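In PDB author numbering, the protein residues as written are 1 to 82.
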């Protein structure tokens, strides 16, 4: 892909890893992004990094997890709840 896709936020695709990406492959592929789009590392692009890091962190925080990931891969995301 030239750039990717604009719209939804697919963790796996956000962390630059396949749907079957192994934990190690998810962390090794995320840790690089979390620090690549970090607001403390990207001063000039802090505005962008501050947003990219938000999706990247949530992605790994859900995939790297055994409970959040399973739920995500299984269902993913439901409608307004509460």
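Built from N, CA and C at the ideal position, the CB exists for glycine as well.
Quiz item: Are at least three pairs of beta-carbons, each pair with one atom in the region 25–39 and one in the region 70–78, less than 8 Å apart?
Solution: no
Quiz prompt | Beta-carbon separation (whole angstroms), residue 30 vs residue 56, contact threshold 8 Å | solution = 6 Å
Quiz prompt | Range of the contiguous alpha helix (DSSP H) that encloses residue 35 | solution = No alpha helix (DSSP H) holds residue 35; DSSP gives it neither H nor E.
Quiz item: For residue 17, which residues of its own chain have a beta-carbon under 6 Å away from its beta-carbon, when the five flanking residues on both sides are left out?
Solution: 25, 26, 29
Exercise. Would you kindly work out how many angstroms separate the C-alpha atoms of residue 53 and residue 78, rounded to a whole number?
Key: 23 Å
Quiz prompt | Close beta carbons around residue 19, own chain, < 6 Å, minus the five adjacent residues each side | solution = 12
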